[PDB]
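Engineer: Once you've seen the sequence and the experimental structure below, I've got questions.
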Amino acid sequence: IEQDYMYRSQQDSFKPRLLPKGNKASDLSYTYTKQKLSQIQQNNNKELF
Amino acid sequence: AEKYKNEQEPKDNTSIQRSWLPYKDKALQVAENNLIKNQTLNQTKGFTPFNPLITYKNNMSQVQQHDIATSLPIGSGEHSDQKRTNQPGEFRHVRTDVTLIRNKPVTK
Amino acid sequence: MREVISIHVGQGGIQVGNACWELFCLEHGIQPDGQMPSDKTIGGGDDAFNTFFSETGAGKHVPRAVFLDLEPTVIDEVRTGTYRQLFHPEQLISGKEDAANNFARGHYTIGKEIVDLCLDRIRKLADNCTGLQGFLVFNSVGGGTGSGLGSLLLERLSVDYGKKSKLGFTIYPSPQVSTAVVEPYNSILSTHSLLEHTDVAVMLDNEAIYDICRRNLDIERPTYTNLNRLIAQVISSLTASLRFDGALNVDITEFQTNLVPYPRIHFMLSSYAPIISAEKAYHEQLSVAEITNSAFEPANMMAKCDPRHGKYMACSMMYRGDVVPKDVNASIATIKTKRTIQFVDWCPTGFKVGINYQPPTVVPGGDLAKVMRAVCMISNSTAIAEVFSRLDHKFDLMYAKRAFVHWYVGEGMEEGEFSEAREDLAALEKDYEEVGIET
Amino acid sequence: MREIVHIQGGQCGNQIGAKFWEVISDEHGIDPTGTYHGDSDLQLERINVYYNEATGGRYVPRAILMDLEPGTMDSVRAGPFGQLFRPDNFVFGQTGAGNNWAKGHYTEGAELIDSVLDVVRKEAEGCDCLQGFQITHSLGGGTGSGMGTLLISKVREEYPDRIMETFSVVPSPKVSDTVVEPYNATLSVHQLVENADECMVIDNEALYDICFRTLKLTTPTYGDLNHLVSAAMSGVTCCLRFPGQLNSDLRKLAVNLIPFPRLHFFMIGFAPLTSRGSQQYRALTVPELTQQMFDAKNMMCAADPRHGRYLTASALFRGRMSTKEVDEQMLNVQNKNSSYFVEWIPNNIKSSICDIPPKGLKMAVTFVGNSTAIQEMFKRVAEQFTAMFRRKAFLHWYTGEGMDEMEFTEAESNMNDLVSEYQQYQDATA
Amino acid sequence: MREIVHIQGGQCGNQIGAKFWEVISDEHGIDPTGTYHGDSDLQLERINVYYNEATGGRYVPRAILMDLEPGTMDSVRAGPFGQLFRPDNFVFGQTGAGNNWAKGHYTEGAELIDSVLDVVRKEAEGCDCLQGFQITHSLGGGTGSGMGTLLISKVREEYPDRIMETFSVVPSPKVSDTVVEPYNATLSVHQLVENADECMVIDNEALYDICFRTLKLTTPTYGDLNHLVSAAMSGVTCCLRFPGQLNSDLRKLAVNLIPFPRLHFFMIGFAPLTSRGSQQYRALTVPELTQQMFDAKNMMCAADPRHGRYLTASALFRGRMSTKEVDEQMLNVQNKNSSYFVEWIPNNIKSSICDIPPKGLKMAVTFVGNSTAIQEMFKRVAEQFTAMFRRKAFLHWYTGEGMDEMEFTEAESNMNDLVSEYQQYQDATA
Amino acid sequence: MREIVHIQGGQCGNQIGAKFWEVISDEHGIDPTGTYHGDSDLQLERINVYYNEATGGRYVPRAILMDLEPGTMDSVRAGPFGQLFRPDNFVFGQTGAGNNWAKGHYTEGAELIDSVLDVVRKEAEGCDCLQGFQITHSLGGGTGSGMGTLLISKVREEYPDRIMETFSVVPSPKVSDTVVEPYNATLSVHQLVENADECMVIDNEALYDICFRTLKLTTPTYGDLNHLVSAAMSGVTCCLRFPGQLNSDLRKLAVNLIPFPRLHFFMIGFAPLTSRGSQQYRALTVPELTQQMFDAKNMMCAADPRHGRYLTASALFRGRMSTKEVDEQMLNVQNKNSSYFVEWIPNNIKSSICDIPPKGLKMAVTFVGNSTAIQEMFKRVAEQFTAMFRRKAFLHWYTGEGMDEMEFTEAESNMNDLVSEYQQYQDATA
Ligand SMILES: Nc1nc2c(ncn2[C@@H]2O[C@H](COP(=O)(O)OP(=O)(O)OP(=O)(O)O)[C@@H](O)[C@H]2O)c(=O)[nH]1
Ligand SMILES: Nc1nc2c(ncn2[C@@H]2O[C@H](COP(=O)(O)OP(=O)(O)O)[C@@H](O)[C@H]2O)c(=O)[nH]1
Ligand SMILES: Nc1nc2c(ncn2[C@@H]2O[C@H](COP(=O)(O)OP(=O)(O)O)[C@@H](O)[C@H]2O)c(=O)[nH]1
Ligand SMILES: Nc1nc2c(ncn2[C@@H]2O[C@H](COP(=O)(O)OP(=O)(O)O)[C@@H](O)[C@H]2O)c(=O)[nH]1
Ligand SMILES: [Mg+2]
């Protein structure tokens, strides 16, 4: 009884984490946009051969 | 709620028997107009349906053939404009040009 | 560009083929000689008949089917009948001796010298077509040559062609009405061969159609011609989707994918509606509701089995005529509400419905009337094990005393085949039993 | 100028498009031969969004037609307005899918989709500034539900920033005509939630109910249902093609209708609808339009919206009217039904006005609603799917093409997660 | 402005409503096609009270027709002016009531009432400002007496402040048309007394007496009775639609006529009614009008007013006259008939004047009275009820539908109590 | 604190308790193993009212199972929630009573009752401050009807001050399972009238009517009826275990419900009862709850409560709401049904409230009414008893176990006296 109560209490003490970041097209497009916006400058820096 | 019976004798002519009102009852003469108009309308098509009463049921509807711009012009129904014969081989496919290919190109 | 190949083996097979080809010849307007009579026929893309006929380069059209039989009488009758100019002369393969109701005769001794020619004919006809949908086979189980040649050709085709679809409209012996006395034996052997070599198997018992014809058409003495004409009507209703446009069309590959849940179970039974005489056709309503209610009546089964003793798992219904999807759906809802017909738990939806515009055609001189709405129904149900159990009883009662078995051992096949086929049938009945259990 | 291309496949999709472009051509005054015969210049100013240019001043579709068997295209070619379509845009297979998701997405689809992908890539690069894609298909069939969704995945991988619309018609348990529909429906929805930006769900049972109850016409056909769906489709993109008081594009609709990226399923409706024996007796006014807008039975989905709470709603009005009555009607309907709207999203209603009514009408209304009541349809579909799956019925067909039960389990799990996340956001308070 | 909706159920209610709508369309100048062909501008100033406007300028009445068998309404659409009613305002069953209050009020009446409640709610909310409801029906029939009173209860539950007029054609034993009349009549009057704001009783025998005696026409028929009822019912609400000197609405009538909440049963009369012989031979003067108005035989009720004392009376003169002569005639009829007016209230007669006479006439009078002579109808109905109920005749048809005889006991007790509390003022003295 | 100990006997009482402990454990978050798994702190402060603490933290019921057939015991132990009971509390005979009240009250009951007396005294001493006893049984059996009544008599002898209540499933004639019912019912009610402080009667006929009508479930079962009775029997002790605006314990109810010491039989009901396929709409506000309360055909007894006059009524509301609507609605019921309430006890309704609603409800209520209606059931039972007793049928077994006709004649005389004195209060006037 005591061990079962310990297990139930220690499991019930854990729950409140939702943090919604469903990410398929949102994050794919986010990666694409950040890549473009970042690599434009790194394209306009290169030392010519 | 009545017979409309009109006949020369007054005890059964209604219009003669409804005349005690202070005014002319719009109903009697309206029915007169409906009857005479229905006769003329039936004259146009040709029905002679053994009495005028048969076609008077549907000679009065004001429903237009098409829509009056308060609903989608879906029409009265595609099935309405269908005509059916029953000879064999009327519904075979046609294989139009888009699907009419011969040569099955060899390479990609 | 889609074609199917028809196989007719056995005397009953040839008789069924004659009627079905008469119906096909009529419905495309083909004259008995084989040439288009209208003379207004046009080219271009009007080749609807390609599913059954092929243009011969000069005039006529030849059917895409083969006739196989070891007894020459029926083949000679076809070659001398009214359709002499229709079939290819070297397309009706004839044997020399009949199998005499012995399976070993047609499976081990005589059929080996005919199977090669039949396969050559099949190959040379097959390379002609380009859109092969599949094979339909017709055979009477309770006949020696029929069963033997059917089995041998099925085994040969299963390895020569592979994944091509096969539908077998097989004539099993009736539980009490039968001609021969040794049909349980070769029926066992044919079932053993057919279980693992055919994709769809359709029951075509005789006394069921006898009772239907007696009840509906008011005919006291039907013959095999009426049987064959009804079979032809069923086949045409099945196939019309491939050669006539409709709102919801289906294909040959569309039936096994929606009718057999498991590879082992592929046996099912059919129905056709309505069956109405000419005089009867007047004083009736002929609506989709009543025709679809008649299609599920147990007396309208094409096989002598009562579905009320078993569960349903799948059924395909094809309507032809001026039906509408809303009305067929309302009829389906009424059927589902009906309690006399119940389905298995793991199949909430078990209806595959197709709609075609072409009304059925009527053969002149026939018995059945014509109406513009027809339905053909193919249901697979658990109750079908009843006929297998009856045929097993017949097999046991005579295998206990080893009757007639000398004329099975004397043609080279060992006595051990009976035990193997019996065990296979027992396993099949087992599977048909556990398939219907609730979870 | 921010044009959109059309993609469609399957028998249902082809039937939808064949009449949808008939409606569009009628709206823009284009004859079946492709020659302009309109009345106002506005019908021609923004013609480039849907129609390209050809020799002789005629206009040709930017639409792509796909399927595994030639019957549907053979039918659509000979129908009215069938001469517009360029013969090149037709891509067709010689086998057919046979109501098999595995066949339509793994075996034949893999080698057939390359040509249609090349065609759509050429069409997309042709336009100066692409705006987005719209797909119209059925998830109960094989060819559509397989190859259309594989193409959706491919196009999503190729064009990230563009918008995708999906007019999805899903089989319902009542009007059912296929036995293996739950399997490929679940597979399609699981693959579809991963890529589709917006989804609009359509139910044939709901459409039949609309026709039986509202139009009161005894014997409709698939043509009338396609006409209703086409009117709904043409409504949403009206403001992009014609001027108006408040401009609005599909991107604006997505922004104002997507609270969370995983919540992208909508139910649509059209107004006004009335029988021909009752047309003379109804007055077209904003109150009548807005009350028929929000009536539960009018919706084109089996979901009853009063079983849940609306998250967002949008409205497109067509015709000439003042903004005041529309705004006050929106305020009034939000006030009177506060219980049916979620509480932590105040002002969950969006409006747009376009001054060009449909041909033969004076005012029209298109409604797109994102609400939590959609979850019941997924719940029923999942119930049927699991009921068939516990017994492994009809599984050998799908296993015959490299597929196993791993993706079955993960798809059903993802779908249950989607249902749970709709339920969570409905049962939440500040 | 301050408009009222109309509801009718049952065959008698349908006929009365049809004739009333013909009369009102005549008075306001609407053709059977719904297009205005009036002459004076006064016909359009307050047209919105009884009609709504639709596309094309055609006006439609805001009336609802309800019944359990489509025969009567199928006839009313076929009759003249049957095209005015909007087809959606027709609600019908398929079984019929069979003269059974239980069927029409408990099982199938409650089954069907939802749709009609929806329609009436829609119509009531559509208009700007309600003023009240008016019902016309019978108590001796099944469907009317049951479903109408159920609808009365439902609508009173939703609109507690609005006025409710009822035109009830109560049964008379001389003109008997059904054997089970007292049962459902008692039940309906029971359920009606606590909800109806004003009841006005009409007697077929009384109208027959009017036609045979005053009009002296050989073969009268229900059309004439319907038309007289329509004339009176239209004259009830003349001042609300037309200008006058002393406007009086339904609430004004209620306040002037109702001393106590449970005393709201009225008897009506219309004047002038002239025979076929003397239409040119009688002058039209206020004395003549009031003399014909106060005549006992002129009432629309079988009860003799001469057997009781009026609690209150009201008259609605139409046309042009002098208010002083109206007042003098009222004062004379009060002094010379002091024995017939209850003493402890002074000046218990009200006069109102409207400037528009009925079409085709110079002056007219509509009279409404609350007196104690109404007790006779309830007395005879109750004695018939008890004499038929002590033997429990025809009781099993009622009790076999979830219905019990104890409510019959309560109905009889309540009617005895109402009779007693309505007659104790006859002998009550200050 | 102020706990009550549960004692059940006979098959009826055993089945009643089997579901009572189920409902209570579900309400208080207790598993079949006596393990607490609740979420709120409010579930445990008053848990000692029905439960006792054991080592390890388990809570066990203070219930005493008594019977004559071991079959009931090992049937109820094997079911769910059967492990809560301490086996030492089980007491059962081995020969049975055979529905013989004499055999159960004189021969075997007296012999066996010693052990159950010992255990009940042990529990009564163990409890800190005894509040009362509560019993559940039926008069349609023999063993219950005898040994119960004897146990009540003796425990009242030892505890004349503590309150006590009993629930009685009384037999009904239309659905009757024994010809001995009049005999043992009369004997047991004679014993109970002078002993039980409170008695509450239940009718299986009324239960069947309820589950057929308002639940619309086709197949009821004894489990379903036991669930209904357990819900009602849990509702009464709501505020005793949970806080509220006005807590009102069993002693309060006893003080407020009984006018005279011999009148302590009650009929009850519960609300709301919605159908199983209840659509999701609205909420159960006070008006419909209090209407469904006083629907006389909602009562759990076959007696028609409108056949007589209510001596008093009591309402236990459960949920959070104000008392203004409470008391105004109760006065409204008073004024509208003043005929059903006897005049010399004005304002004769108990109102009590608890803040914690039942599981799965927002608002609920239990009604307990003492009305003059029960006299008809006593009259019919007495009529059946005297009809069976006039020729001394089945009497010889009852005479063969030590008693004679004297007990029967005194019991029937006491019954007639009870009925008469109960009826004079019906027609008594102020
Ligand atoms: N339904 C139907 N069955 C037939 C027909 N003709 C023959 N049969 C069946 O065939 C069985 C006997 O086999 P047959 O078809 O006559 O001959 P076979 O199958 O070629 O075998 P053999 O007798 O060796 O020639 C009979 O029991 C019939 O049931 C027919 O036209 N219609
Ligand atoms: N609303 C509507 N539904 C259609 C239409 N055509 C087909 N359907 C539906 O689509 C389902 C069959 O889909 P199917 O043709 O197999 O899809 P595909 O395999 O991708 O071509 C049927 O249940 C029909 O209800 C149409 O024109 N309109
Ligand atoms: N004055 C008048 N009375 C009518 C008319 N139609 C029916 N009634 C009366 O209504 C009674 C029958 O009522 P019924 O129609 O059966 O009631 P329902 O069944 O509820 O519709 C008869 O006794 C008639 O006297 C009518 O047009 N005018
Ligand atoms: N409501 C209800 N009534 C019951 C139940 N069990 C028995 N009864 C009633 O009790 C009567 C028989 O009582 P009986 O078993 O002889 O009582 P016992 O002798 O004390 O066991 C029957 O008429 C049943 O209606 C139950 O679980 N619930
Ligand atoms: Mg042969």
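Structural biologist: In hand now; what should we look at? Numbering: from 1, shown residues only, chains lettered A, B, ... in the order given. Ligands and ions are numbered 1, 2, ... in the order given.
Engineer: going forward, measure contacts and count neighbours with C-alpha atoms only.
Structural biologist: Will do.
Engineer: Now residue C:352: phi and psi?
Structural biologist: The phi and psi torsions at residue C:352 (degrees, to the nearest 10) take the values phi -120, psi 110.
Engineer: check contacts around it.
Structural biologist: Listed by CA atoms under 8 Å, 6 or more residues apart in numbering or on different chains, the contact partners of residue C:352 are C:258, C:315, C:316, C:317, D:177, D:178, D:179.
Engineer: Same question for residue D:211.
Structural biologist: When contacts are counted by CA under 8 Å, 6+ apart, residue D:211 is found next to D:217, D:220.
Engineer: can we see that at 10 Å?
Structural biologist: Residue D:211 makes contacts with D:205, D:217-221, D:224-225, D:228, D:273-275, D:298, as judged by CA atoms under 10 Å, 6 or more residues apart in numbering or on different chains.
Engineer: Next, format these as TSV and append secondary structure.
Structural biologist: Putting the contacts of residue D:211 into TSV (DSSP: H, G, I helix; E, B strand; the rest coil) gives the following:
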residue	secondary structure
D:205	helix
D:217	coil
D:218	coil
D:219	coil
D:220	coil
D:221	coil
D:224	helix
D:225	helix
D:228	helix
D:273	coil
D:274	coil
D:275	coil
D:298	helix
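Engineer: out of those, which one sits closest to ligand 2?
Structural biologist: The nearest member of the contacts of residue D:211 to ligand 2, counting by CA to the nearest ligand atom, is residue D:225 at 5.4 Å.
Engineer: just checking, that closest one touches residue D:215?
Structural biologist: No: between residue D:225 and residue D:215 no contact is recorded; they are 11.5 Å apart, counting by CA atoms under 10 Å.
Engineer: hey, what's in contact with both of these two?
Structural biologist: Common neighbours of residue D:225 and residue D:215, counting by CA under 10 Å, 6+ apart, are residue B:74.
Engineer: Which strands and helices lie in contact with the helix ranked longest in chain C?
Structural biologist: Scanning chain C for the helix with the most residues, using DSSP state H, yields helix C:416-434. Packing contacts for helix C:416-434, counted by 3 or more CA pairs under 10 Å, 6 or more residues apart in numbering or on different chains; DSSP states H and E, involve helix C:183-195, helix C:385-399.
Engineer: buried sites along the longest one?
Structural biologist: If you call a residue buried by 16 or more other CA atoms under 10 Å in any protein chain shown, then helix C:385-399 has these buried ones: C:385, C:386, C:387, C:388, C:391, C:392, C:394, C:395.
Engineer: Next, name the residue at the spatial heart of the chain.
Structural biologist: No chain specified, so I'll use chain A. Of all residues in chain A, the one closest to the mean position by CA atoms, centre = their mean is residue A:21, 6.9 Å from it.
Engineer: meant chain D, my bad for not saying
Structural biologist: The centroid of chain D falls nearest to residue D:167 when counting by CA atoms, centre = their mean (2.0 Å).
Engineer: how about the helices of chain B, start to end?
Structural biologist: Listed in chain order, the helices found in chain B under DSSP H are B:28-45.
Engineer: I should have written the stretch 151-300 of chain C there, sorry.
Structural biologist: For the stretch 151-300 of chain C, the helices defined by DSSP state H, counting those that start in this stretch occupy C:183-195, C:206-216, C:224-239, C:253-259, C:278-282, C:288-295.
Engineer: need those in a markdown table with distance to residue E:262, can you?
Structural biologist: Rendered in a markdown table, the data for the helices of the stretch 151-300 of chain C read as follows (distance: least, CA to CA, whole Å):
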| stretch | distance to residue E:262 |
| --- | --- |
| helix C:183-195 | 87 |
| helix C:206-216 | 72 |
| helix C:224-239 | 75 |
| helix C:253-259 | 72 |
| helix C:278-282 | 67 |
| helix C:288-295 | 57 |
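Engineer: hang on, the earlier thing: which members of the contacts of residue C:352 are classed as buried?
Structural biologist: Under a neighbour-count criterion of 16+ other CA under 10 Å, the subset of the contacts of residue C:352 counted as buried comprises C:258, C:315, C:316, C:317, D:177, D:178, D:179.
Engineer: if we can go back for a sec, nearest to residue B:13, out of the helices and strands packed on helix C:416-434?
Structural biologist: helix C:385-399 (78.9 Å; CA to CA).
Engineer: Quick check: what element follows that closest one along the chain?
Structural biologist: If you walk from helix C:385-399 toward the C-terminus, the next helix or strand you reach (DSSP states H and E) is helix C:406-409.
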